[PDB]
Structure formats: C-alpha cells, structure tokens
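Accompanying notes for the structure given below.
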Protein chains: 4
Amino acid sequence: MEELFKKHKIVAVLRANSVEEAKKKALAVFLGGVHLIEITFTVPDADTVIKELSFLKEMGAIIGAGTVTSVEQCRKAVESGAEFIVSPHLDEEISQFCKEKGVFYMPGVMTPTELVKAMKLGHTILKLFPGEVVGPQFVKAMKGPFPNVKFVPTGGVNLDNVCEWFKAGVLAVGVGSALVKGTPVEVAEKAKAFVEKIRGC
Amino acid sequence: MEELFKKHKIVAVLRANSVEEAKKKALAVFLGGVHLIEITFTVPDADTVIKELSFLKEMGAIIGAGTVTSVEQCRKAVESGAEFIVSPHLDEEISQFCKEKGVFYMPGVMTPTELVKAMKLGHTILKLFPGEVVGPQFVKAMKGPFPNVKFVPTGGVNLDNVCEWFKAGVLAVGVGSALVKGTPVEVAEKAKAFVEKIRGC
Amino acid sequence: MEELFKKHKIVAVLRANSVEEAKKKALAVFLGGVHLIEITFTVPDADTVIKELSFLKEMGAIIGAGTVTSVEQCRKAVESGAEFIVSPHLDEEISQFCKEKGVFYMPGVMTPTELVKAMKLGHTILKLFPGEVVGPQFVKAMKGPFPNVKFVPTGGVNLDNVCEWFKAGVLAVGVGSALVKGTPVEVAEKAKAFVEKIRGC
Amino acid sequence: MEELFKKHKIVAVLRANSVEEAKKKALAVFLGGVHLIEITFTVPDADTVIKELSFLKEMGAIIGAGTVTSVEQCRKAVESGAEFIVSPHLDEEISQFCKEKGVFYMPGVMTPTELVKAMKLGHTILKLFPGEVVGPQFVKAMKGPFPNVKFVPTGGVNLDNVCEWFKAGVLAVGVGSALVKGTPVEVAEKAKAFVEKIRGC
C-alpha cells in the first residue's frame, strides 16, 4: 500500500449530500488521474457507495473509507470492500481491529504526543489534520526527531501551495472542498490541474 | 424509446482503439450530460465493453451498439444487453431479428428510395449518414413528402452548426470525432459544450 | 443551557487580582449586555465571588466558574451555586462528577483526538482554547467530519475579528483581556461595543 | 536545575550525522557562551557522545540528552552521565524512571490537555514543541490559566524573533538548525550572536 501512495501522490477526500452525488463525483475525480478515493462516512449510506463503486477498482482505483469514528463503522467499511480505513483521530480500538483483518489503517494525529502514541502501535504513515492549522512548518519540525515518519496532510491544500507541502517532504496530499466542490465537469478539470501541478514539483 | 431521444437530444457515437480507452471515454461523455452512448463494433471486443458498462445503465445511461453489420454481430449485441441497435445502412435481416427480440432498431438511409424501403418495414426514425454530405438541406427537403419521418444525423455535427440541424427539425444529433477525440478530461468538457448549445436552441 | 448560549452569543471570561476587583468588573460587564459571566478560579477566593454575585442571577445573569482543574475545585464551584463549569482541558473525573450533579460542563479541546474523546462522553459543545493559535480555520475544518459539534473559542477574540469567528460558524465567543482589562467604566463601554458588533453579524 | 535555565537562558539542541560531527559542534557551541547542550538520540551512538563530552562538564557545561523516546534509551542516557533528559512528548513511563533516579526531566506538550496531564505528575517546566506552529501567542494564552507553568520552546527560534519569545515570558529558548547548521567556526559565531541578542532583551 505505501507504494501506491508514493506513486499516485494524491488522495481525494470525498464529501457529498447524497448517494447519487457521491458516485458521480467519484467518477469525475477518477478520470482526472486521481486513483485514490476516500469515501467519507459523512455521506448518507456511505457503505453503499463504497460497494457500488467496486467497478472502479478494476480500472485501477483504490477506494477507501474516511471519517471512520467507531469500530462498528469500521467493520461495515471493511466488509463492504474498503481498500483502506482513514480516521480523523488516533483510536486504539479501530487500530487493533484493522490489524487483525489486515487492512491498511491511517490514523490522525496533530501533536508530538499523539504521534508517538501512534508509532508504538506500529504506524509509520500518519494523517496530519487539520493541515491548514499546523501548516507546512509542522512537517519540517517533525523531520528532525522522527526521520522515519511520513505525513499525509488533509485540509488547506490548494493550487497555490500544494508544492510547498511536497518541498517540506510529505508522502502525499489529501484534498477536500478545494477539489470536489463544483459540478461533475468542473471537478474533473480541477483534478487534472492538481495532478499536473504535483508531477511538476 | 423515442421519448428518450426527444428528451436527451444527443447521442455519442463512440470509437476507440482498445477496450480500456472505450470505457474511460464512455464515462467522460456520461458525466457531461450525454446519457445516450453508442458502442461501435469497430472497438475491439465491443461486446465486452457493452456488458462491462452495465453499471452506467443504473445511473440513467442508455447504452447501445453501433456499426452493426450482420445478424451475427447484432445477436451478440442484444445478448450482451444493448438497449438499442444502430446500423450504418438499411438491412432487412437485422430489422427482422430485432423486431422479434423487441429491441429498438435504427437503420441508416441516404436516399429517398432507401427511406421508403425502411418505412415499409415500419421504421419512423432513421439514421441520416453521412450527414456532412447530404447536409441540413436534406432534412428540409424530406419534411415535404414525409412529414412523419424524423432523422438523427451522424457525422459533421459541431459547435458551429449543431443548431442548424435542430432548426431544420431533426430528432437528435449523433456526434463522433468532434466530441470523443481527445483526453478523458477534454472530452468531458466538449460534451458539456454540446449539451448547453443544444438546450440553448 | 445550550439555548442560552445561542441567544446571548457571548461569554465574559473574568480574571482579577482580588475579590473586590472581580465583583466590580462582573457588574461592568453585566450592564453592557453580556449576561454570561465566568468567574475564573485564578481569582483569589473565586468561590466567594461566585456566591456573592448571586444577586445578579435574579437580574438575568448566568454565573459560572472557569479554570476548574480538579474535582475538588469543581465541587466547591457547584456547592457555591455555579450555573456551569468550564475547564481549560478535557478531564474525565470532572465530567463524571458534573453529570451526577446535573450541571452543564464545557470541556476544552485543541485537537481532533481530544475532540473525539470528549464526544464519547456525550459532550457536543466544546471550548476551543487557545483560539488565537488554532484560529478561525480550525472551526471550518472541523465542520466537515463533525457536523454536530459546536465550538466556543476563548482567547484572541477582538473587535477586528469577532465577526470572522461567527462567519465560520461558532456557537458563541468567550472574551478575556480584550474585554475586561481597564477601569470599571472602560470595561462597560468595551462590552457594549462587543454586543453591537455581534448582533450586527 | 531550574536556576541554571534562568541564568543561561539558552539551550542548544544538537543534531549531527556522525559521532565526530557531534563532538566538534558541541565545542563550537560551548565556546560562544551556550553552556546547556542537549545531545539528541538522533545522533548515531548518541550515548558515546554524551560520555566523551564529560570533559566539558568540568568547564561549566551541562550536557543532557534529547529526543529520548523510550525507557530503554533514557536509562542509557542517565547511566552515561546525562545531566538532564528531554523528550519530544509527554511519557508517563520515562517520567517515573527519572524521578526515581533524581534526574531533571522536561517533557513535551503542545496542548492544554497535555499540559495539565504533565502538571499532575509534578512538572512545572515544559518543552513547547513545535514552537513555530503554536507561536509566541501560545505562551501568552497559557499565562492566564496557569501562572505557575513556564515554557522552553524549541523550533522556529531565530535572530529576528528570539526577543519576542522572551517578551511573552518563556523560561529559556532551545535553538536547533538556526544555530548548529554550518561549519564549526560559523556555528561559534552564530552562538555569540544569540547570547548577545538575549542578554540585550
């Protein structure tokens, strides 16, 4: 899995108001070149969307679940075929469950104390969230004491600063509203703009 | 079926060099607002593409087959779930087969003699091909002797003249290379431009 | 209680160097239109001030306790008639005690991990502190994964930015030194300026 | 120990790529007037460097260990004669060990919740890290609810802002790359510039 992040260098963090909106947006994103799509559990019947998008997996997409905040949600996400589980926070109970099921799990951290607590569970890739608050500087600071930890920031990434996150040394960037807000066509165009900007830095 | 043509007012006539290209282009077209997609039998394993795109049917797409030139091809297209069969020409053998299977069939004509030969088989919607040769004038001429026949031209339709075909009085327009040539993103953008231009005329 | 926050939209976080200073400042704040006053346990004999200000409760004030950092302090605050308990941090022991006594309790969080740990205790209103560090952006980021959590930032609120906190979507703002620093008259005037600015946004 | 921090008002947080580099840099720093040197466990055989620099202790240096992230590392640091242990985070297990051995221990915090959790262990001096993220504002905010806690920020300190950290009211500043990056001569010169700038504010 880690290798997939390194290759693609972008995750779409997809939020929608309905099942229908979610599926159409997932397609708009895929076509642009963003092969990693995270279906958030803030989408009604998110579980359904994860299963019904299984036809994209065959085309080279890797579909995961986001905003997973309990072991009960996590189990539904894995059973429904999620390729990876992402949480907003660090959770010991979910981390244990995923390990037994062998599903890659990316917890969230914001502080050195949360960071170390994650590392003791064996995690070396961490979600940095909210990114816009801690900023690119956080990643540069962490490189010092923890050379072997890599971050995927979520929140605040846009076409003016996406290259600064990469110059600091992140693994990949997650993009929310800056990507997926708009019509299905506008979204596809924005997605292209991100991939070109990343491959260019 | 006729009602679907009247509502959507556009068909994509999809040609590709591979199975993979075809599926990605079908998606680029769908998202833009073009709900009628014709998978031509000039695409290698076109039959496969028709079946594997069945997940779009659930989203409101109607997927058919194009350039069907024998009863043997037609049967494979129908068995694979094609929603309609389109030929480049008028063929008595295919017309008979489709009627028994109850699948809408749109033959091709170019001349008044081919036109009348079709009408005697009970067809009232005809494919006009190649459109760029006969031009918009053909449709205006046919309105006279055959008020009850409607055309769907294919070939030569573009963003400079698509409204002239509608002002003459066609049922819908089929678009080939002018739509589907380009990258998956460029295609989606072109598709939007067509739908907006038609709804505007 | 929640309803009271929604109506008033401001809390004074009162710090003083003596019992006498605290009571006079509480009055300066009340008269201006700020009906929610938090008496911090950094005021000597804070407990006394909470009891002796009980005559304001009859006039429509709701007087609570702030900077409550142990179960021992909390019990004294509740026994002395505090209408709500506010802590600088999330504390399981205090949260349990207040629940049994039925006194509204607003814990502090700074990180998504602290946030979720609070939600599991049943808290939906959280103190965001220090606000000036995390900024207005934190609230916008949290709206995504936790649509059902609302914040009351403390620290950094002033007459130049108080409307940005509201546009992000906070429940209410707590104001410290920017309000309560100055003479009893100057404080009353500042309080008026805040209420007018909030009602205006 | 606290008294030593108050007197010197600067710590060098030393990172190096080899044993040899570390020893030469420790000397460059010492001569400039920075008597507190923290040998990070990111230096290969950091333990060796701590022991072999014991000749500086006689000259008035106080040599400690940094980036100590397990009880196993901590024990080696103390046995090797470290004068103080610094961690990147708050750790209950290390805090207990050091207390029994009587070695001053400075944990890391970033949030009010981490802060209070430290205070319950009896710590009144805290490492604030990463400083550049939380900024000088964090210290001003904490002065309110916790008048009796003092910070030593690490990260982001430089010759343009070192006086702002002191005006907020920190105990001392830790300096990383802004000091120790460069040749042994350049480092000595930078060290002088820091001491003069601090004594001047």
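By convention in this document, the chains of the structure tokens carry letters A, B, ... by their order, each chain's residues are numbered from 1, and ligands are numbered from 1 in the order they are shown.
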What lies within 9 Å of residue 51 of chain D using only C-alpha atoms, ignoring chain neighbours under 2 positions off, as a PyMOL selection string? chain D and resi 46-49+53-55+77+80-82
Least-squares fit of chain D onto chain C (C-alpha, ordered pairing) as a PDB file with C-alpha atoms, in the first residue's frame:
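The file below, result-v5.pdb, is the result:
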ATOM      1  CA  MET D   1     -28.485  25.789  28.680  1.00  0.00           C
ATOM      2  CA  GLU D   2     -27.440  25.412  25.077  1.00  0.00           C
ATOM      3  CA  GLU D   3     -30.326  27.704  24.238  1.00  0.00           C
ATOM      4  CA  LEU D   4     -28.903  30.441  26.458  1.00  0.00           C
ATOM      5  CA  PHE D   5     -25.593  30.417  24.513  1.00  0.00           C
ATOM      6  CA  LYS D   6     -27.407  30.697  21.210  1.00  0.00           C
ATOM      7  CA  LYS D   7     -29.434  33.674  22.481  1.00  0.00           C
ATOM      8  CA  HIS D   8     -26.712  35.720  24.187  1.00  0.00           C
ATOM      9  CA  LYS D   9     -23.727  34.835  21.928  1.00  0.00           C
ATOM     10  CA  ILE D  10     -21.010  36.000  24.293  1.00  0.00           C
ATOM     11  CA  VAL D  11     -19.283  34.924  27.480  1.00  0.00           C
ATOM     12  CA  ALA D  12     -17.035  37.043  29.611  1.00  0.00           C
ATOM     13  CA  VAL D  13     -14.049  35.174  30.963  1.00  0.00           C
ATOM     14  CA  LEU D  14     -13.246  37.221  34.026  1.00  0.00           C
ATOM     15  CA  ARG D  15      -9.827  37.373  35.657  1.00  0.00           C
ATOM     16  CA  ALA D  16      -8.956  39.781  38.512  1.00  0.00           C
ATOM     17  CA  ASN D  17      -6.283  40.301  41.183  1.00  0.00           C
ATOM     18  CA  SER D  18      -8.686  40.474  44.153  1.00  0.00           C
ATOM     19  CA  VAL D  19     -12.229  39.698  45.355  1.00  0.00           C
ATOM     20  CA  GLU D  20     -13.116  43.361  45.193  1.00  0.00           C
ATOM     21  CA  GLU D  21     -11.865  43.829  41.625  1.00  0.00           C
ATOM     22  CA  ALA D  22     -13.794  40.757  40.450  1.00  0.00           C
ATOM     23  CA  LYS D  23     -17.184  41.907  41.761  1.00  0.00           C
ATOM     24  CA  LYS D  24     -16.894  45.414  40.273  1.00  0.00           C
ATOM     25  CA  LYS D  25     -15.797  44.010  36.899  1.00  0.00           C
ATOM     26  CA  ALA D  26     -18.704  41.497  36.881  1.00  0.00           C
ATOM     27  CA  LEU D  27     -21.107  44.441  37.214  1.00  0.00           C
ATOM     28  CA  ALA D  28     -19.344  46.471  34.476  1.00  0.00           C
ATOM     29  CA  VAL D  29     -19.747  43.525  32.108  1.00  0.00           C
ATOM     30  CA  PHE D  30     -23.374  42.708  33.066  1.00  0.00           C
ATOM     31  CA  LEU D  31     -24.710  46.216  32.405  1.00  0.00           C
ATOM     32  CA  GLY D  32     -23.249  46.286  28.879  1.00  0.00           C
ATOM     33  CA  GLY D  33     -25.394  43.317  27.792  1.00  0.00           C
ATOM     34  CA  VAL D  34     -23.132  40.341  28.483  1.00  0.00           C
ATOM     35  CA  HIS D  35     -25.332  38.046  30.584  1.00  0.00           C
ATOM     36  CA  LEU D  36     -22.886  35.108  30.793  1.00  0.00           C
ATOM     37  CA  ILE D  37     -20.051  35.570  33.214  1.00  0.00           C
ATOM     38  CA  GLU D  38     -17.416  33.009  34.021  1.00  0.00           C
ATOM     39  CA  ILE D  39     -15.592  33.525  37.346  1.00  0.00           C
ATOM     40  CA  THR D  40     -12.150  32.006  36.984  1.00  0.00           C
ATOM     41  CA  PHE D  41     -10.518  30.100  39.808  1.00  0.00           C
ATOM     42  CA  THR D  42      -7.435  32.249  39.221  1.00  0.00           C
ATOM     43  CA  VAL D  43      -9.263  34.927  41.261  1.00  0.00           C
ATOM     44  CA  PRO D  44      -8.356  34.611  44.985  1.00  0.00           C
ATOM     45  CA  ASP D  45     -11.372  33.133  46.849  1.00  0.00           C
ATOM     46  CA  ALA D  46     -13.141  32.725  43.476  1.00  0.00           C
ATOM     47  CA  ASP D  47     -15.766  30.656  45.356  1.00  0.00           C
ATOM     48  CA  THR D  48     -16.741  33.647  47.444  1.00  0.00           C
ATOM     49  CA  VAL D  49     -17.132  35.839  44.359  1.00  0.00           C
ATOM     50  CA  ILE D  50     -19.465  33.223  42.752  1.00  0.00           C
ATOM     51  CA  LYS D  51     -21.722  33.180  45.861  1.00  0.00           C
ATOM     52  CA  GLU D  52     -21.747  36.943  46.498  1.00  0.00           C
ATOM     53  CA  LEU D  53     -22.682  37.664  42.820  1.00  0.00           C
ATOM     54  CA  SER D  54     -25.862  35.577  43.302  1.00  0.00           C
ATOM     55  CA  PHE D  55     -27.915  38.828  43.251  1.00  0.00           C
ATOM     56  CA  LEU D  56     -27.148  39.106  39.526  1.00  0.00           C
ATOM     57  CA  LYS D  57     -28.750  35.740  38.776  1.00  0.00           C
ATOM     58  CA  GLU D  58     -32.110  37.361  39.716  1.00  0.00           C
ATOM     59  CA  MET D  59     -31.463  40.111  37.135  1.00  0.00           C
ATOM     60  CA  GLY D  60     -30.946  37.594  34.325  1.00  0.00           C
ATOM     61  CA  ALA D  61     -27.241  36.763  34.650  1.00  0.00           C
ATOM     62  CA  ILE D  62     -25.896  33.246  34.475  1.00  0.00           C
ATOM     63  CA  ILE D  63     -22.734  32.963  36.574  1.00  0.00           C
ATOM     64  CA  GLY D  64     -20.365  30.032  36.138  1.00  0.00           C
ATOM     65  CA  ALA D  65     -16.877  29.021  37.085  1.00  0.00           C
ATOM     66  CA  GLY D  66     -13.768  28.854  34.875  1.00  0.00           C
ATOM     67  CA  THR D  67     -10.254  27.336  35.010  1.00  0.00           C
ATOM     68  CA  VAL D  68     -11.625  24.471  37.087  1.00  0.00           C
ATOM     69  CA  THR D  69      -8.763  21.990  37.200  1.00  0.00           C
ATOM     70  CA  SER D  70      -9.682  19.363  39.804  1.00  0.00           C
ATOM     71  CA  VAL D  71     -12.725  17.584  41.175  1.00  0.00           C
ATOM     72  CA  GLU D  72     -12.080  19.374  44.494  1.00  0.00           C
ATOM     73  CA  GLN D  73     -12.400  22.824  42.878  1.00  0.00           C
ATOM     74  CA  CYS D  74     -15.387  21.745  40.859  1.00  0.00           C
ATOM     75  CA  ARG D  75     -17.371  20.591  43.919  1.00  0.00           C
ATOM     76  CA  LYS D  76     -16.766  23.968  45.615  1.00  0.00           C
ATOM     77  CA  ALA D  77     -17.927  25.784  42.466  1.00  0.00           C
ATOM     78  CA  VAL D  78     -21.177  23.759  42.231  1.00  0.00           C
ATOM     79  CA  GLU D  79     -21.922  23.988  46.015  1.00  0.00           C
ATOM     80  CA  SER D  80     -21.377  27.747  45.728  1.00  0.00           C
ATOM     81  CA  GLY D  81     -24.139  27.885  43.090  1.00  0.00           C
ATOM     82  CA  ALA D  82     -22.231  27.949  39.817  1.00  0.00           C
ATOM     83  CA  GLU D  83     -24.608  27.685  36.864  1.00  0.00           C
ATOM     84  CA  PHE D  84     -21.990  25.982  34.685  1.00  0.00           C
ATOM     85  CA  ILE D  85     -18.414  24.591  34.997  1.00  0.00           C
ATOM     86  CA  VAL D  86     -15.713  25.350  32.374  1.00  0.00           C
ATOM     87  CA  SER D  87     -12.291  23.734  32.336  1.00  0.00           C
ATOM     88  CA  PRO D  88      -9.128  24.609  30.355  1.00  0.00           C
ATOM     89  CA  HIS D  89      -8.790  20.947  29.269  1.00  0.00           C
ATOM     90  CA  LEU D  90     -10.697  17.647  28.908  1.00  0.00           C
ATOM     91  CA  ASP D  91     -10.946  15.854  32.251  1.00  0.00           C
ATOM     92  CA  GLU D  92     -12.810  12.524  32.729  1.00  0.00           C
ATOM     93  CA  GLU D  93     -13.135  12.855  36.521  1.00  0.00           C
ATOM     94  CA  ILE D  94     -14.762  16.295  36.476  1.00  0.00           C
ATOM     95  CA  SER D  95     -17.044  15.294  33.551  1.00  0.00           C
ATOM     96  CA  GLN D  96     -18.381  12.358  35.647  1.00  0.00           C
ATOM     97  CA  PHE D  97     -18.970  14.476  38.750  1.00  0.00           C
ATOM     98  CA  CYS D  98     -20.894  17.212  36.907  1.00  0.00           C
ATOM     99  CA  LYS D  99     -23.109  14.659  35.145  1.00  0.00           C
ATOM    100  CA  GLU D 100     -24.229  13.248  38.521  1.00  0.00           C
ATOM    101  CA  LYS D 101     -24.960  16.759  39.789  1.00  0.00           C
ATOM    102  CA  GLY D 102     -26.685  17.735  36.531  1.00  0.00           C
ATOM    103  CA  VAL D 103     -24.546  20.860  35.967  1.00  0.00           C
ATOM    104  CA  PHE D 104     -23.680  21.776  32.377  1.00  0.00           C
ATOM    105  CA  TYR D 105     -19.957  21.166  31.734  1.00  0.00           C
ATOM    106  CA  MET D 106     -17.920  22.518  28.851  1.00  0.00           C
ATOM    107  CA  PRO D 107     -14.533  20.790  28.500  1.00  0.00           C
ATOM    108  CA  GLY D 108     -11.580  22.139  26.489  1.00  0.00           C
ATOM    109  CA  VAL D 109     -10.118  20.574  23.434  1.00  0.00           C
ATOM    110  CA  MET D 110      -7.436  21.596  20.901  1.00  0.00           C
ATOM    111  CA  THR D 111      -7.071  18.528  18.699  1.00  0.00           C
ATOM    112  CA  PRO D 112      -9.331  16.087  16.766  1.00  0.00           C
ATOM    113  CA  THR D 113      -8.208  13.325  19.161  1.00  0.00           C
ATOM    114  CA  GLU D 114      -9.248  15.368  22.211  1.00  0.00           C
ATOM    115  CA  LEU D 115     -12.457  16.251  20.375  1.00  0.00           C
ATOM    116  CA  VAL D 116     -13.478  12.638  19.773  1.00  0.00           C
ATOM    117  CA  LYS D 117     -12.535  11.641  23.325  1.00  0.00           C
ATOM    118  CA  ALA D 118     -14.971  14.351  24.532  1.00  0.00           C
ATOM    119  CA  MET D 119     -17.814  13.240  22.174  1.00  0.00           C
ATOM    120  CA  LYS D 120     -17.648   9.695  23.630  1.00  0.00           C
ATOM    121  CA  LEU D 121     -18.565  11.263  26.967  1.00  0.00           C
ATOM    122  CA  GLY D 122     -21.630  12.837  25.361  1.00  0.00           C
ATOM    123  CA  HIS D 123     -20.411  16.445  25.031  1.00  0.00           C
ATOM    124  CA  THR D 124     -21.456  18.364  21.927  1.00  0.00           C
ATOM    125  CA  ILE D 125     -20.334  21.862  22.934  1.00  0.00           C
ATOM    126  CA  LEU D 126     -16.609  22.281  23.332  1.00  0.00           C
ATOM    127  CA  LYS D 127     -14.302  25.028  24.442  1.00  0.00           C
ATOM    128  CA  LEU D 128     -11.696  25.752  21.745  1.00  0.00           C
ATOM    129  CA  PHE D 129      -8.583  27.065  23.511  1.00  0.00           C
ATOM    130  CA  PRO D 130      -6.226  28.773  22.809  1.00  0.00           C
ATOM    131  CA  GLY D 131      -8.305  30.174  19.921  1.00  0.00           C
ATOM    132  CA  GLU D 132      -5.631  32.560  18.579  1.00  0.00           C
ATOM    133  CA  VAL D 133      -3.312  29.595  17.918  1.00  0.00           C
ATOM    134  CA  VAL D 134      -5.654  27.259  16.079  1.00  0.00           C
ATOM    135  CA  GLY D 135      -7.533  30.243  14.524  1.00  0.00           C
ATOM    136  CA  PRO D 136     -10.890  30.546  12.717  1.00  0.00           C
ATOM    137  CA  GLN D 137      -9.659  27.912  10.243  1.00  0.00           C
ATOM    138  CA  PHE D 138      -9.843  25.162  12.845  1.00  0.00           C
ATOM    139  CA  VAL D 139     -13.611  25.580  13.129  1.00  0.00           C
ATOM    140  CA  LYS D 140     -14.101  25.466   9.335  1.00  0.00           C
ATOM    141  CA  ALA D 141     -12.039  22.218   9.165  1.00  0.00           C
ATOM    142  CA  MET D 142     -13.982  20.523  11.970  1.00  0.00           C
ATOM    143  CA  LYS D 143     -17.372  21.314  10.354  1.00  0.00           C
ATOM    144  CA  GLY D 144     -16.539  18.646   7.778  1.00  0.00           C
ATOM    145  CA  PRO D 145     -16.037  15.472   9.840  1.00  0.00           C
ATOM    146  CA  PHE D 146     -18.157  16.581  12.798  1.00  0.00           C
ATOM    147  CA  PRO D 147     -21.199  18.491  11.593  1.00  0.00           C
ATOM    148  CA  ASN D 148     -22.791  18.038  15.017  1.00  0.00           C
ATOM    149  CA  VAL D 149     -20.106  19.668  17.185  1.00  0.00           C
ATOM    150  CA  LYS D 150     -20.027  23.354  18.022  1.00  0.00           C
ATOM    151  CA  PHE D 151     -17.228  25.493  19.438  1.00  0.00           C
ATOM    152  CA  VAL D 152     -16.836  28.404  21.823  1.00  0.00           C
ATOM    153  CA  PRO D 153     -13.380  29.819  21.252  1.00  0.00           C
ATOM    154  CA  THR D 154     -11.616  31.632  24.049  1.00  0.00           C
ATOM    155  CA  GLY D 155      -8.549  33.827  23.595  1.00  0.00           C
ATOM    156  CA  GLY D 156      -7.706  36.135  20.688  1.00  0.00           C
ATOM    157  CA  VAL D 157     -11.247  37.475  20.104  1.00  0.00           C
ATOM    158  CA  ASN D 158     -11.389  41.215  19.410  1.00  0.00           C
ATOM    159  CA  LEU D 159     -13.383  43.920  17.721  1.00  0.00           C
ATOM    160  CA  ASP D 160     -11.474  43.417  14.463  1.00  0.00           C
ATOM    161  CA  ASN D 161     -12.147  39.696  14.085  1.00  0.00           C
ATOM    162  CA  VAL D 162     -15.142  38.741  16.219  1.00  0.00           C
ATOM    163  CA  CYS D 163     -17.307  38.528  13.106  1.00  0.00           C
ATOM    164  CA  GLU D 164     -14.916  36.058  11.381  1.00  0.00           C
ATOM    165  CA  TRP D 165     -15.429  33.578  14.219  1.00  0.00           C
ATOM    166  CA  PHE D 166     -19.166  33.849  13.712  1.00  0.00           C
ATOM    167  CA  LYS D 167     -18.972  33.507   9.910  1.00  0.00           C
ATOM    168  CA  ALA D 168     -17.018  30.258  10.397  1.00  0.00           C
ATOM    169  CA  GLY D 169     -19.955  29.046  12.464  1.00  0.00           C
ATOM    170  CA  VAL D 170     -19.124  29.082  16.231  1.00  0.00           C
ATOM    171  CA  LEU D 171     -21.769  28.813  18.918  1.00  0.00           C
ATOM    172  CA  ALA D 172     -20.597  31.862  20.945  1.00  0.00           C
ATOM    173  CA  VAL D 173     -17.316  33.704  21.689  1.00  0.00           C
ATOM    174  CA  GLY D 174     -15.519  33.952  25.037  1.00  0.00           C
ATOM    175  CA  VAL D 175     -13.569  37.168  25.560  1.00  0.00           C
ATOM    176  CA  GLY D 176     -10.765  37.666  28.071  1.00  0.00           C
ATOM    177  CA  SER D 177      -8.322  40.575  28.446  1.00  0.00           C
ATOM    178  CA  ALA D 178      -9.698  42.264  25.283  1.00  0.00           C
ATOM    179  CA  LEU D 179     -12.885  42.973  27.287  1.00  0.00           C
ATOM    180  CA  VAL D 180     -12.141  43.018  30.978  1.00  0.00           C
ATOM    181  CA  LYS D 181      -8.809  44.918  31.013  1.00  0.00           C
ATOM    182  CA  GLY D 182      -9.320  48.533  32.106  1.00  0.00           C
ATOM    183  CA  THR D 183     -11.341  50.587  34.572  1.00  0.00           C
ATOM    184  CA  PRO D 184     -14.968  49.600  35.503  1.00  0.00           C
ATOM    185  CA  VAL D 185     -16.263  52.309  33.125  1.00  0.00           C
ATOM    186  CA  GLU D 186     -13.946  51.484  30.262  1.00  0.00           C
ATOM    187  CA  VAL D 187     -14.938  47.795  30.594  1.00  0.00           C
ATOM    188  CA  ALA D 188     -18.682  48.612  30.361  1.00  0.00           C
ATOM    189  CA  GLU D 189     -18.054  50.597  27.173  1.00  0.00           C
ATOM    190  CA  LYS D 190     -15.997  47.794  25.632  1.00  0.00           C
ATOM    191  CA  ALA D 191     -18.788  45.289  26.457  1.00  0.00           C
ATOM    192  CA  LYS D 192     -21.369  47.422  24.590  1.00  0.00           C
ATOM    193  CA  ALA D 193     -19.028  47.535  21.560  1.00  0.00           C
ATOM    194  CA  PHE D 194     -18.882  43.704  21.512  1.00  0.00           C
ATOM    195  CA  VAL D 195     -22.622  43.096  21.797  1.00  0.00           C
ATOM    196  CA  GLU D 196     -23.396  45.615  18.997  1.00  0.00           C
ATOM    197  CA  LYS D 197     -20.699  44.116  16.775  1.00  0.00           C
ATOM    198  CA  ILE D 198     -22.088  40.553  17.261  1.00  0.00           C
ATOM    199  CA  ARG D 199     -25.757  41.440  16.779  1.00  0.00           C
ATOM    200  CA  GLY D 200     -24.524  43.161  13.598  1.00  0.00           C
ATOM    201  CA  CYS D 201     -23.035  39.976  12.132  1.00  0.00           C
TER     202      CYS D 201
END
Using DSSP on the backbone coordinates, identify all residues within segment 60-173 of chain C classified as helix (DSSP H, G or I); present the result as a PyMOL selection string. chain C and resi 71-79+92-101+112-119+131-134+136-143+162-168
